[PDB]
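Q: Take this structure, written in structure tokens, and hold onto it; I'll ask about it next.
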Amino acid sequence: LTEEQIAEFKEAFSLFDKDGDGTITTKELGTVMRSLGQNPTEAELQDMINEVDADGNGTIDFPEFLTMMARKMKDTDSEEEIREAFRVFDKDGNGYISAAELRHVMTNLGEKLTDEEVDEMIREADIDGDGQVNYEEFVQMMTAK
Amino acid sequence: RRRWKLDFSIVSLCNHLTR
Ligand SMILES: [Ca+2]
Ligand SMILES: [Ca+2]
Ligand SMILES: [Ca+2]
Ligand SMILES: [Ca+2]
């Protein structure tokens with residue numbers, strides 16, 4: 001377990017833990033999911049929490065979040081659901097993630113970064129050189145380190 | 001680090017949670 005992996009868990013946790021109190025509530029979970037275009041009910045959010053709420057206090061703490069990531073990621077992402085994620089980034093749905101669209105989802109999520117950092121990410125994934133990220137490029141980027 | 005992979009991960013998680 002590296003400090004960078006820990007830093008990554010922390011970053012992810014803090015995208016949900018908006019008030020920084022060390023627990024993720026239904027309110028906070030819902031906030032993230034709404035920003036990504038979904039509309040779960042309060043009861044549905046509670047059911048999500050209950051799956052990993054090992055201490056039974058009704059909210060997600062750091063290790064319970066790690067468990068959620070352990071399970072609910074590397075399920076076995078199929079074609080269709082990878083396309084769903086792409087669609088989140090391709091805001092206008094023209095088939096090409098622009099730097100501006102990438103910036104927008106990241107900001108909506110709660111990430112804070114300069115247009116410089118966004119451009120860097122784009123250029124990293126832009127295999128064919130048009131300054132944008134298409135579906136194939138997006139899929140390929142996720143296989144790299 | 002893996003900025004896009006981390007964010008992708010969060011988007012894929014959220015998609016997975018709305019089962
Ligand atoms: Ca909180
Ligand atoms: Ca708990
Ligand atoms: Ca677009
Ligand atoms: Ca491209």
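Residues in the structure tokens are numbered from 1 in each chain, the chains being A, B, ... in the order shown, and ligands are numbered from 1 in the order shown.
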Tell me which protein, DNA and RNA residues are within 9 Å of residue 4 of chain B, counting only C-alpha atoms, leaving out same-chain ones fewer than 5 positions away, and put them as a list in words.

A: residues 121, 141 and 142 of chain A; 9 of chain B

Q: Name each residue within 8 Å of ligand 2, counting only C-alpha atoms and all ligand atoms, as an mmCIF file with C-alpha atoms, in the first residue's frame.

A:
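Saved result, selection-v6.cif, follows:
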```
data_model
loop_
_atom_site.group_PDB
_atom_site.id
_atom_site.type_symbol
_atom_site.label_atom_id
_atom_site.label_comp_id
_atom_site.auth_asym_id
_atom_site.auth_seq_id
_atom_site.Cartn_x
_atom_site.Cartn_y
_atom_site.Cartn_z
ATOM 1 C CA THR A 23 -18.592 10.442 7.067
ATOM 2 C CA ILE A 49 -25.031 2.847 2.374
ATOM 3 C CA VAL A 52 -21.286 -1.358 3.329
ATOM 4 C CA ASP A 53 -22.335 0.147 6.709
ATOM 5 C CA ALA A 54 -20.435 -2.403 8.802
ATOM 6 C CA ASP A 55 -20.761 -0.462 12.100
ATOM 7 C CA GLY A 56 -24.475 0.241 11.569
ATOM 8 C CA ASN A 57 -24.400 3.986 12.255
ATOM 9 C CA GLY A 58 -26.171 4.787 8.940
ATOM 10 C CA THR A 59 -23.315 6.602 7.163
ATOM 11 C CA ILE A 60 -20.120 5.606 5.264
ATOM 12 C CA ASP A 61 -16.755 6.091 6.952
ATOM 13 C CA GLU A 64 -16.568 1.330 4.554
#
```

Q: Excluding same-chain residues fewer than 5 positions from residue 1 of chain B, what lies within 10 Å of it counting only C-alpha atoms, as a VMD selection string?

A: (chain A and resid 4 to 5 7 to 8 145) or (chain B and resid 6)

Q: Between atom CA of residue 21 of chain A and atom 1 (Ca, counted along the ligand's line) of ligand 1, measure the distance and give it in Å to one decimal.

A: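 A separation of 4.7 Å between them.
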
Q: Would you name the residues within 12 Å of ligand 4, counting only C-alpha atoms and all ligand atoms, and put them as a count of residues only?

A: 26
